[PDB]
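Subsequent text provides C-alpha cells for two forms of one protein chain, presented individually as structure 1 and structure 2.
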Structure 1
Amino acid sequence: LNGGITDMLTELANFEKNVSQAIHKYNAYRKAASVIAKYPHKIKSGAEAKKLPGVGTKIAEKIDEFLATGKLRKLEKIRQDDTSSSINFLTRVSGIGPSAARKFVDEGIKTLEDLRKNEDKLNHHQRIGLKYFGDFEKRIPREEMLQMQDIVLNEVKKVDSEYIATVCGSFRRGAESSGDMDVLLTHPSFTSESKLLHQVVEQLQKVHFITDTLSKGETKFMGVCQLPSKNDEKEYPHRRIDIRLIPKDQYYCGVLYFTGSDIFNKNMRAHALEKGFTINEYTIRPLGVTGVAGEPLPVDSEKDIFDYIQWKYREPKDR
C-alpha cells in the first residue's frame, strides 16, 4: 500500500545523501518514507499525508504530483543526469562514500568495469567492497546465520572459556533474514577501570571463517567471513562481519543498544529520559533534581535497565 510513494521518497533520500551531500534531508525523506510505509490506507492527497509526523509542505506537494501524473518531474530529471546516476551507483560499493564517488566520476570513472580497470586508485576497503560487490547486496537467510553463530561461539570458546560472545541485530530479534553479523565480545579481565580481540580474530582466520579485514584495532573489528563449502554444493557467498570488544560493566547496555531497532531504543531512551534516567550505548545514569546526569548505575543483565525505569521487559522477539 502506497509503495510507489515510499520508493519515490527513498530514491530522493539516496540522491540528497550521495549527490547533494545533505545528510539531514536524507534522514527527513527516510523518516517520511518509513511513516507512510506503516500507514494503513492508500494516500489519495498530499494534504492527507501531511497529518503524519515527518511529512511537511514540500513532500505533501510532491505526493500531490505523483498521484496526479504517476511520476515526479524532479526525479525524471535526475535519472537522466549521467553525473547523478553514476555517483548514486558507485556509493553502493563499501568504502566508496559521496566524497570518493564524486571525485571518481569527475575523472571519468563511473562503472564497476572502470573500478576494476583502476584498482590502483582504490584503498584497501574499496578494493574489498569491489571484490564482493554482489555478495554484500545479498541478504542472509536465518538458517545460514545459525551455522555462522555456532562456529564463532565455538571458536571463541576454544581461545578462552571466559569470553562472552552475543550476536545482535535483526538476528537476535528473530528476523527470518539479516544484513550483516554484529557480534559483541567481553571478558572478566576487561572493565572500564581495570590482545583480547586480536587472538579471537587470529583464531577465526586460522579455521578459514574470516577471509578479509576492512579495519581492526583494540576494541573494534570489521571484515569479511564465509561458511565452509560442502563441496557437493556450490561455495557460500561472502558476508560482512563486525566483532566489537566492550567492557564488562557496559556489555548489556551495549547488547540492548545493538539489538535494535532505531525506533525502540529512541522510544526507550525517551521514556527513560522523563522517568529520571539517561541511557546510551555505554551506561544508564540518573538525572539529578537540577537535570544533571551523575555516576553510572550497575548492570548485571538487560532486565536491570528495564527495572531502573520500571518498564516491563520486552524480549528481543517483540522490539
Structure 2
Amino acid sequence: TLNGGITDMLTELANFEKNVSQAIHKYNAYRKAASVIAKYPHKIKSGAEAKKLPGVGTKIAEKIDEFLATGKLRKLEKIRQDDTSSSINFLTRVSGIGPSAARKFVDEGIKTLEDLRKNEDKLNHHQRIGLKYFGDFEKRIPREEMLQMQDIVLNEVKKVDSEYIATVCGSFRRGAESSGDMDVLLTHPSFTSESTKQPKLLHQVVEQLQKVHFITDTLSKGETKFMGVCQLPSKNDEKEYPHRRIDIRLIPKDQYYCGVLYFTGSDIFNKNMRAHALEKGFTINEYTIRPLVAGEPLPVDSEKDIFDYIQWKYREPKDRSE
C-alpha cells in the first residue's frame, strides 16, 4: 500500500507501547496515526506533510522524517534486538496472554512456545486453548469459508428456534475478502431491554453448535457473550480446516442497531465514532445512544439514526474499515 512502510512502523510502535510499555494511550495514539496515514491518498514525502493529519504530531512526524531518510527507525531497531521486549511481544500473540502475563512469564524464564508448552499448568483455561491453537488462530479465514460457517450457524440457530436472528458482523459484514475470526450477533424476541422472557437463550445456541461439532472449545461464556473455537467439517481424505475463533453476542432485540453498529466495527471506526459522539454530547455503547452523566436512551430504529444524532453522513459497513 501507499505509505505501507510508515504505517507498519507505526503499528510496530503501537504494539511495543501496548505490549512492553503497557501504555494504552500511546498504543492508541500510534494506531490513530497509522489509521489516518493509511487513508491519506498521497505518497507521504516528509514528516511535515504527515503532521498536517489529525493524530500525527511532532514526535511521529520526526519518526517519519527518519524513516523516509533512512528506511528504518533506530528506536525500532533497538526494540527488535532487545531480547526481553521481543519475548514479551511474542507471548502476547497467544490469545489470553496480554502484556501483564507476558511480562510475568518472561520474568519466570518463559520465553518461547516450547516454554509455554512445558508449563501448561501455569496457564489459565483461555491461555491453554490459545496455546493449543496458536498456529491456527493466526491464519485468516477466506470469505468462502466464512460463507460456509455462516450457513452452519444460521441453519443451526434456526433449528433451535425459528425466532432467533443471527447476523454475522465484524470484517465479514464490512465485505472483507478474508476475516480473522467470526463474529455473530444474536437476537431473540424473548430478550429485550425490558425483559428476559426465556432463560438460557445463548446457552441453547452454543449447545446446539457443540452437538453438531461446530464449536470445539470454549474460551469464555456468560449470559450474553460467548468466546470460543469452531471448525468447518472436512470431507473424506482432506486435511482438516484450521480451528477458528468465534464470538457470539446476544443483544436485546430492541437494541439491535446499536449492537450491530458495535459488532460491525472496525475497532478504530468505533473508537472514532464514539469519540465524536462525545464531542457532540452523546455516549454510544453496544446497547444505546444516550445524551450526556448519561441520560436516557434515544430512540433508534436504524444504524443511520445513530449517525444522524452525531451529525455524520451514513457510512456503509464496507466504508468503516481501516
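Here the rigid core means the biggest group of C-alpha atoms that line up within 1.5 Å when the two forms are laid on top of each other. One-based numbering along structure 1's sequence throughout.
Residue displacement note: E302 has its CA displaced by at least 2 Å between structures 1 and 2 (rigid core superposed). When the rigid core is held fixed, the Cα atom of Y26 travels less than 2 angstroms between structures 1 and 2. Once the cores line up, the CA of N280 ends up 2 angstroms or more apart between structures 1 and 2. Structural comparison between structures 1 and 2 after rigid-core fitting shows the C-alpha of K51 displaced 1.6 Å. On core superposition, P40 has its C-alpha offset by 3.1 angstrom between structures 1 and 2. Core superposition gives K216 a CA displacement of 0.4 Å between structures 1 and 2.
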